[PDB]
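Shown below: protein27.cif, with mmCIF, C-alpha atoms.
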data_model
loop_
_atom_site.label_atom_id
_atom_site.label_comp_id
_atom_site.auth_asym_id
_atom_site.auth_seq_id
_atom_site.Cartn_x
_atom_site.Cartn_y
_atom_site.Cartn_z
CA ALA A 1 -86.07 23.86 67.04
CA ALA A 2 -86.80 21.82 63.94
CA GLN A 3 -88.08 18.26 63.50
CA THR A 4 -87.31 16.89 60.05
CA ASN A 5 -89.48 14.18 58.49
CA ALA A 6 -92.34 15.28 60.71
CA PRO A 7 -95.94 14.11 60.27
CA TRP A 8 -97.61 16.40 57.75
CA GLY A 9 -99.94 17.97 60.30
CA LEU A 10 -97.07 19.13 62.51
CA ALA A 11 -95.29 20.59 59.49
CA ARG A 12 -98.58 22.21 58.50
CA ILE A 13 -99.01 24.11 61.76
CA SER A 14 -95.58 25.75 61.38
CA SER A 15 -95.96 26.76 57.70
CA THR A 16 -98.02 29.23 55.73
CA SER A 17 -98.22 26.69 52.87
CA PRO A 18 -99.06 22.97 52.60
CA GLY A 19 -96.65 20.30 51.43
CA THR A 20 -93.67 20.80 53.76
CA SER A 21 -92.19 18.15 56.06
CA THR A 22 -90.29 20.05 58.79
CA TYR A 23 -91.99 21.12 62.04
CA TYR A 24 -90.43 24.35 63.40
CA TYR A 25 -91.26 25.15 67.01
CA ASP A 26 -89.90 27.01 70.02
CA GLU A 27 -87.78 24.71 72.19
CA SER A 28 -89.91 25.44 75.29
CA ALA A 29 -92.31 22.92 73.69
CA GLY A 30 -95.15 23.38 76.19
CA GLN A 31 -93.01 22.69 79.26
CA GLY A 32 -94.94 23.70 82.38
CA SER A 33 -98.38 23.28 80.79
CA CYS A 34 -100.74 20.35 81.28
CA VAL A 35 -103.21 18.74 78.89
CA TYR A 36 -106.00 16.42 80.05
CA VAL A 37 -106.89 13.94 77.30
CA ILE A 38 -110.51 12.94 77.97
CA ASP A 39 -110.92 9.79 75.90
CA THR A 40 -110.37 5.99 75.99
CA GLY A 41 -107.26 6.38 78.19
CA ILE A 42 -103.55 6.65 77.42
CA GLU A 43 -100.98 3.88 77.24
CA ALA A 44 -98.68 5.76 79.59
CA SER A 45 -95.89 3.19 79.21
CA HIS A 46 -95.43 3.98 75.50
CA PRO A 47 -91.80 5.17 75.10
CA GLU A 48 -93.00 8.08 72.94
CA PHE A 49 -94.45 9.74 76.07
CA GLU A 50 -91.01 9.73 77.80
CA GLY A 51 -92.69 9.33 81.20
CA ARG A 52 -94.66 12.58 80.69
CA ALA A 53 -98.04 10.79 80.62
CA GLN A 54 -100.10 9.33 83.44
CA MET A 55 -103.63 8.10 83.95
CA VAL A 56 -105.50 10.05 86.63
CA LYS A 57 -109.11 8.81 86.41
CA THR A 58 -111.14 6.01 84.87
CA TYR A 59 -114.90 5.40 84.72
CA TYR A 60 -114.56 1.69 83.86
CA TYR A 61 -112.98 -1.23 85.67
CA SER A 62 -109.58 -0.64 84.07
CA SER A 63 -107.54 2.49 83.37
CA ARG A 64 -105.94 0.80 80.33
CA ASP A 65 -106.54 2.11 76.82
CA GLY A 66 -107.87 -1.04 75.21
CA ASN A 67 -108.85 0.85 72.04
CA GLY A 68 -106.01 3.12 70.87
CA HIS A 69 -108.03 6.28 70.15
CA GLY A 70 -106.99 8.05 73.38
CA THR A 71 -103.35 7.02 72.99
CA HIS A 72 -103.36 8.38 69.43
CA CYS A 73 -104.89 11.70 70.50
CA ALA A 74 -102.46 12.07 73.43
CA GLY A 75 -99.58 11.41 71.04
CA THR A 76 -100.66 14.28 68.80
CA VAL A 77 -100.79 16.56 71.86
CA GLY A 78 -97.40 15.71 73.30
CA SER A 79 -95.48 12.67 72.10
CA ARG A 80 -91.79 13.07 71.14
CA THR A 81 -92.19 12.27 67.45
CA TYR A 82 -95.89 12.93 66.83
CA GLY A 83 -96.76 15.75 69.26
CA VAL A 84 -97.29 19.49 68.93
CA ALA A 85 -96.14 20.26 72.52
CA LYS A 86 -93.30 17.83 73.06
CA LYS A 87 -92.66 18.80 76.72
CA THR A 88 -96.20 19.12 78.09
CA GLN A 89 -97.60 16.97 80.92
CA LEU A 90 -100.35 14.59 79.77
CA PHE A 91 -103.17 13.43 82.07
CA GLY A 92 -105.50 10.62 80.96
CA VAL A 93 -109.18 10.59 81.90
CA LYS A 94 -110.95 7.46 80.60
CA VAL A 95 -114.58 8.41 79.91
CA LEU A 96 -114.90 6.15 76.83
CA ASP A 97 -114.87 2.35 76.88
CA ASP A 98 -112.59 0.15 74.79
CA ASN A 99 -115.12 0.31 71.94
CA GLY A 100 -114.80 4.10 71.91
CA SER A 101 -118.24 4.70 73.42
CA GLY A 102 -119.38 6.50 76.55
CA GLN A 103 -122.58 7.69 78.18
CA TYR A 104 -123.20 11.42 78.44
CA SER A 105 -123.44 11.16 82.24
CA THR A 106 -119.91 9.72 82.38
CA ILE A 107 -118.51 12.32 79.99
CA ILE A 108 -120.04 15.10 82.12
CA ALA A 109 -118.59 13.58 85.30
CA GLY A 110 -115.18 13.45 83.62
CA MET A 111 -115.28 17.15 82.76
CA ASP A 112 -116.26 18.07 86.33
CA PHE A 113 -113.41 15.85 87.55
CA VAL A 114 -110.84 17.76 85.47
CA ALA A 115 -112.12 21.12 86.75
CA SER A 116 -111.35 20.04 90.33
CA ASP A 117 -108.31 17.77 89.75
CA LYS A 118 -106.27 20.56 88.14
CA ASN A 119 -105.99 22.05 91.65
CA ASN A 120 -104.01 18.95 92.68
CA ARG A 121 -101.45 19.44 89.88
CA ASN A 122 -98.38 21.60 89.17
CA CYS A 123 -99.26 23.31 85.87
CA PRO A 124 -97.58 26.72 86.14
CA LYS A 125 -98.14 27.66 82.48
CA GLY A 126 -101.81 26.61 82.42
CA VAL A 127 -104.22 23.78 81.77
CA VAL A 128 -105.81 22.49 78.55
CA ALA A 129 -108.43 19.78 78.00
CA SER A 130 -108.77 17.91 74.69
CA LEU A 131 -112.14 16.27 73.97
CA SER A 132 -112.05 14.11 70.85
CA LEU A 133 -115.61 12.91 71.39
CA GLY A 134 -119.23 13.89 71.03
CA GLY A 135 -122.74 12.93 70.02
CA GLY A 136 -126.09 14.60 69.41
CA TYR A 137 -127.08 17.93 70.94
CA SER A 138 -127.32 17.96 74.75
CA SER A 139 -127.72 21.11 76.83
CA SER A 140 -126.24 19.25 79.82
CA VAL A 141 -123.12 18.22 77.90
CA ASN A 142 -122.67 21.77 76.61
CA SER A 143 -123.04 23.12 80.16
CA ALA A 144 -120.36 20.76 81.46
CA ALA A 145 -117.94 21.91 78.77
CA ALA A 146 -118.77 25.54 79.59
CA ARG A 147 -118.10 24.90 83.30
CA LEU A 148 -114.72 23.33 82.52
CA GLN A 149 -113.75 26.36 80.43
CA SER A 150 -115.07 28.79 83.07
CA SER A 151 -113.03 26.97 85.73
CA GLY A 152 -109.85 28.09 83.92
CA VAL A 153 -109.08 25.27 81.44
CA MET A 154 -108.63 25.80 77.69
CA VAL A 155 -111.26 23.40 76.28
CA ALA A 156 -110.87 22.11 72.71
CA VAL A 157 -113.57 19.79 71.31
CA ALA A 158 -114.05 17.90 68.06
CA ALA A 159 -116.57 19.31 65.59
CA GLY A 160 -117.74 15.80 64.62
CA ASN A 161 -117.46 13.57 61.54
CA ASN A 162 -120.99 13.86 60.08
CA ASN A 163 -120.28 16.22 57.16
CA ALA A 164 -123.03 18.39 58.67
CA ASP A 165 -123.58 21.54 60.68
CA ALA A 166 -122.07 21.05 64.13
CA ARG A 167 -124.93 23.01 65.77
CA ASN A 168 -126.70 19.65 66.23
CA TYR A 169 -123.84 17.99 68.14
CA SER A 170 -122.36 18.26 71.63
CA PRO A 171 -120.09 19.45 73.03
CA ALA A 172 -119.26 20.82 69.52
CA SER A 173 -122.17 23.31 69.64
CA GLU A 174 -121.16 24.94 72.96
CA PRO A 175 -120.17 28.55 72.11
CA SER A 176 -117.66 29.09 74.94
CA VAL A 177 -115.22 26.26 74.06
CA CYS A 178 -112.96 25.80 71.02
CA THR A 179 -114.68 23.69 68.35
CA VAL A 180 -112.20 22.15 65.89
CA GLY A 181 -112.82 21.01 62.31
CA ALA A 182 -110.49 18.84 60.20
CA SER A 183 -108.43 19.50 57.04
CA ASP A 184 -106.28 17.32 54.78
CA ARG A 185 -102.70 17.66 53.51
CA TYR A 186 -103.89 19.55 50.40
CA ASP A 187 -105.69 22.22 52.49
CA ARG A 188 -109.16 20.88 51.70
CA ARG A 189 -111.84 20.53 54.34
CA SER A 190 -111.72 16.86 55.28
CA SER A 191 -114.59 15.09 53.54
CA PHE A 192 -116.15 13.95 56.84
CA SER A 193 -115.62 17.16 58.82
CA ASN A 194 -118.57 18.99 60.32
CA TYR A 195 -118.85 22.72 59.63
CA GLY A 196 -121.01 25.68 60.61
CA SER A 197 -120.81 28.97 62.45
CA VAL A 198 -119.97 27.24 65.78
CA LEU A 199 -116.55 26.17 64.45
CA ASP A 200 -113.68 28.31 65.65
CA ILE A 201 -110.69 26.78 63.84
CA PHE A 202 -109.49 23.91 61.65
CA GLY A 203 -106.60 21.57 62.33
CA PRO A 204 -105.01 18.65 60.46
CA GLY A 205 -107.29 15.62 60.62
CA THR A 206 -106.89 13.37 57.54
CA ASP A 207 -104.19 10.65 57.70
CA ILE A 208 -102.58 11.65 61.01
CA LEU A 209 -99.68 9.48 62.18
CA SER A 210 -99.44 9.11 65.98
CA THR A 211 -98.90 6.66 68.84
CA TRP A 212 -101.06 3.54 69.24
CA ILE A 213 -101.47 0.83 71.88
CA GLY A 214 -98.98 -2.01 72.17
CA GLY A 215 -96.10 0.45 71.80
CA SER A 216 -97.04 0.95 68.15
CA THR A 217 -98.00 3.74 65.74
CA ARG A 218 -100.70 4.23 63.13
CA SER A 219 -102.34 6.79 60.87
CA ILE A 220 -106.07 7.51 61.27
CA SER A 221 -108.49 10.30 60.32
CA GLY A 222 -111.07 12.37 62.18
CA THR A 223 -111.93 15.65 63.78
CA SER A 224 -110.70 13.62 66.77
CA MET A 225 -107.22 14.01 65.21
CA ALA A 226 -107.56 17.75 64.53
CA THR A 227 -108.63 18.54 68.10
CA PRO A 228 -105.32 17.53 69.82
CA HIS A 229 -103.33 19.61 67.31
CA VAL A 230 -105.26 22.65 68.58
CA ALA A 231 -104.98 21.51 72.22
CA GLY A 232 -101.23 21.03 71.86
CA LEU A 233 -100.91 24.40 70.11
CA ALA A 234 -102.74 26.10 72.98
CA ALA A 235 -100.42 24.46 75.54
CA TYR A 236 -97.41 25.57 73.50
CA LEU A 237 -98.66 29.17 73.24
CA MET A 238 -99.54 29.34 76.96
CA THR A 239 -96.01 28.17 77.83
CA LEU A 240 -94.65 30.97 75.59
CA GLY A 241 -96.82 33.45 77.50
CA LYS A 242 -98.62 34.57 74.34
CA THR A 243 -102.16 33.78 75.57
CA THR A 244 -104.15 32.37 78.49
CA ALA A 245 -106.70 29.60 78.89
CA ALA A 246 -109.61 32.06 78.55
CA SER A 247 -108.30 33.66 75.33
CA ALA A 248 -106.30 30.90 73.59
CA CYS A 249 -109.06 29.91 71.15
CA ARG A 250 -109.58 33.51 70.06
CA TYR A 251 -105.80 34.04 69.89
CA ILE A 252 -105.39 30.92 67.74
CA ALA A 253 -108.12 32.22 65.41
CA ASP A 254 -106.47 35.69 65.46
CA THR A 255 -103.16 34.21 64.28
CA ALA A 256 -104.40 31.40 62.03
CA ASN A 257 -103.62 30.92 58.36
CA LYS A 258 -106.62 32.64 56.77
CA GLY A 259 -108.44 31.70 53.57
CA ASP A 260 -106.18 28.74 52.69
CA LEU A 261 -108.80 25.97 52.89
CA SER A 262 -111.05 24.74 50.08
CA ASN A 263 -114.60 23.38 50.32
CA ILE A 264 -115.48 25.61 53.30
CA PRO A 265 -119.26 26.25 53.26
CA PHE A 266 -120.61 29.79 53.44
CA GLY A 267 -120.85 30.78 57.11
CA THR A 268 -117.91 28.65 58.33
CA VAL A 269 -114.55 30.18 59.28
CA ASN A 270 -111.65 29.64 56.87
CA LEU A 271 -108.91 29.47 59.51
CA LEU A 272 -106.15 26.88 59.99
CA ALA A 273 -104.14 26.56 63.21
CA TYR A 274 -100.68 28.13 62.82
CA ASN A 275 -97.88 28.71 65.36
CA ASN A 276 -96.23 31.69 63.56
CA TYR A 277 -92.84 30.50 64.81
CA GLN A 278 -89.93 32.60 63.57
CA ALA A 279 -86.41 31.27 64.13
#

Can the structure in the file be given as structure tokens, please?
Amino acid sequence: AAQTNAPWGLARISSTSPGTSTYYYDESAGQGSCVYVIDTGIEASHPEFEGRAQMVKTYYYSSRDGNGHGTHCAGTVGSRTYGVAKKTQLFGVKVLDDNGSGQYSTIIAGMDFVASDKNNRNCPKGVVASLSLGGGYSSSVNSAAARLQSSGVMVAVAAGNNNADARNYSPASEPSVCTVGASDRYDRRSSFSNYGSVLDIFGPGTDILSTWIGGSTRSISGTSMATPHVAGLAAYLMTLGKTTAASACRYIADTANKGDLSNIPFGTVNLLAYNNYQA
């Protein structure tokens, strides 16, 4: 399949080179996989989700995304026009309030919820969790992310936007999950992106067009935007049978575009998520 006039990040993940505008992908499109978006919620009624999105848990009075961040991230995972895995099932878990903030205790509870809730769901091709969030180092937060991964979910987490080593941030610093840095359309490390040996992969994160609340769209930047590209890619590859939840991060690194990024500090991987799709 081919989507013309695609957002640059989608084109980027199906090309060896930057600057293209067509996203080439296998038509299976993540059908049969599920991705939990652990964030400010998802506006499930947005037409771009085609009914494939639902809220399953909130930690605040409302399940509504009153911010937009979670809706944007979900759209990069699986919306029709802006998503990597256009057929995946999206589950919203609202651990962040409408200002984008959340306590570590709530975030931990939300991860434990996903580990159990996946047993209530039909996800024959596997389960992914996308965590576009984080703060300072916490052993407890890292442990919760490790439990979620151990339970059989492919966990992808944002590296953080501090232009610093991600070893000091959580869940970015947890070794057993997939920690995602951000790049721009010219294959430079995004100026805000964290780095360090704990990073596993980079994904597009500067000027990412996706869904927004009120049935709208907008372009924003962050490692929060790179993370759902990697989560959607994992769901797509699991549907194709090319990897499993336990090995998807390593497989994505195995098959990444290598050495293409600029301004990568010594000690940080130079690897950009790539679907290697061949029509």

Could you tell me which residues the PyMOL selection byres ((chain A and resi 60) around 8) grabs in this file, written as an mmCIF file with C-alpha atoms, in the frame of the given file?
data_model
loop_
_atom_site.group_PDB
_atom_site.id
_atom_site.type_symbol
_atom_site.label_atom_id
_atom_site.label_comp_id
_atom_site.auth_asym_id
_atom_site.auth_seq_id
_atom_site.Cartn_x
_atom_site.Cartn_y
_atom_site.Cartn_z
ATOM 1 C CA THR A 58 -111.140 6.010 84.870
ATOM 2 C CA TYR A 59 -114.900 5.400 84.720
ATOM 3 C CA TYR A 61 -112.980 -1.230 85.670
ATOM 4 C CA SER A 62 -109.580 -0.640 84.070
ATOM 5 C CA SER A 63 -107.540 2.490 83.370
ATOM 6 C CA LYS A 94 -110.950 7.460 80.600
ATOM 7 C CA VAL A 95 -114.580 8.410 79.910
ATOM 8 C CA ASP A 97 -114.870 2.350 76.880
#

Any chance you could work out the residue set of the PyMOL selection byres ((chain A and resi 21) around 7) here, as number ranges by chain? A: 4-8, 11, 19-20, 22-23

Mind telling me what the PyMOL selection byres ((chain A and resi 52) around 9) catches here, as a PyMOL selection string? chain A and resi 44+49-51+53-54+78-79+87-91

Residues from the last selection, C-alpha atoms, saved as a CSV table (one decimal), keeping the file's coordinate frame:
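Result file part10.csv:
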chain,number,residue,atom,x,y,z
A,44,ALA,CA,-98.7,5.8,79.6
A,49,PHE,CA,-94.4,9.7,76.1
A,50,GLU,CA,-91.0,9.7,77.8
A,51,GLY,CA,-92.7,9.3,81.2
A,53,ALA,CA,-98.0,10.8,80.6
A,54,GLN,CA,-100.1,9.3,83.4
A,78,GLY,CA,-97.4,15.7,73.3
A,79,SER,CA,-95.5,12.7,72.1
A,87,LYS,CA,-92.7,18.8,76.7
A,88,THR,CA,-96.2,19.1,78.1
A,89,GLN,CA,-97.6,17.0,80.9
A,90,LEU,CA,-100.4,14.6,79.8
A,91,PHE,CA,-103.2,13.4,82.1

Do you know which residues are at most 9 Å from region 157-165 of chain A counting only C-alpha atoms, after dropping those on the same chain fewer than 3 positions away, and could you put them as a ChimeraX atom specification? /A:129-135,145,168-173,177-182,190-199,222-228,231

Just give me the gap between CA of residue 25 (chain A) and CA of residue 220 (chain A) in Å, one decimal is fine.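 That distance, rounded to one decimal, is 23.7 Å.
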
Using only C-alpha atoms, find the one residue out of A:115, A:238, A:252, A:108 that sits nearest to residue 36 (chain A).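 Closest to residue 36 (chain A) of all the choices is A:115.
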
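CA of residue 229 (chain A) to CA of residue 249 (chain A) spans 12.4 Å [interatomic distance, one decimal].
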
Got a sec to check which residues sit within 6 Å of (-91.5, 29.1, 66.7), counting all atoms listed in the file, and write them as a list in words? residues 24, 25, 26, 277 and 278 of chain A

Excluding same-chain residues fewer than 2 positions from residue 211 (chain A), what lies within 9 Å of it counting all atoms listed in the file, as a list in words?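 Returned residues: residues 46, 48, 68, 71, 72, 73, 74, 75, 76, 79, 81, 82, 209, 213, 215, 216, 217, 218 and 219 of chain A.
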
Do you have the CA of residue 101 (chain A)-CA of residue 205 (chain A) distance handy?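 For CA of residue 101 (chain A) relative to CA of residue 205 (chain A), the distance reads 20.1 Å.
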
Spatial neighbours of residue 147 (chain A), 9 Å, only C-alpha atoms, chain gap at least 4 places, as a PDB file with C-alpha atoms, keeping the file's coordinate frame:
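Written output follows (result-v2.pdb):
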ATOM      1  CA  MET A 111    -115.280  17.150  82.760  1.00  0.00           C
ATOM      2  CA  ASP A 112    -116.260  18.070  86.330  1.00  0.00           C
ATOM      3  CA  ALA A 115    -112.120  21.120  86.750  1.00  0.00           C
ATOM      4  CA  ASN A 142    -122.670  21.770  76.610  1.00  0.00           C
ATOM      5  CA  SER A 143    -123.040  23.120  80.160  1.00  0.00           C
ATOM      6  CA  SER A 151    -113.030  26.970  85.730  1.00  0.00           C
ATOM      7  CA  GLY A 152    -109.850  28.090  83.920  1.00  0.00           C
TER       8      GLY A 152
END

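In this comparison, which uses all atoms listed in the file, the residue of A:150, A:33, A:17, A:106 approaching residue 57 (chain A) most closely is A:106.
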
Within 7 Å of (-107.0, 1.0, 77.3), all atoms listed in the file: residues as a VMD selection string? chain A and resid 40 to 43 63 to 68 98

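Each of A:204, A:214, A:100, A:232 was compared to residue 12 (chain A) using only C-alpha atoms, and A:204 turns out to be the nearest.
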
Hey, what's within 8 Å of region 260-275 of chain A if we count all atoms listed in the file and toss same-chain stuff fewer than 3 positions away? As an NGL selection string, please? :A and (12-16 or 25 or 183 or 187-189 or 195-203 or 230 or 233 or 237 or 252-253 or 255-257)
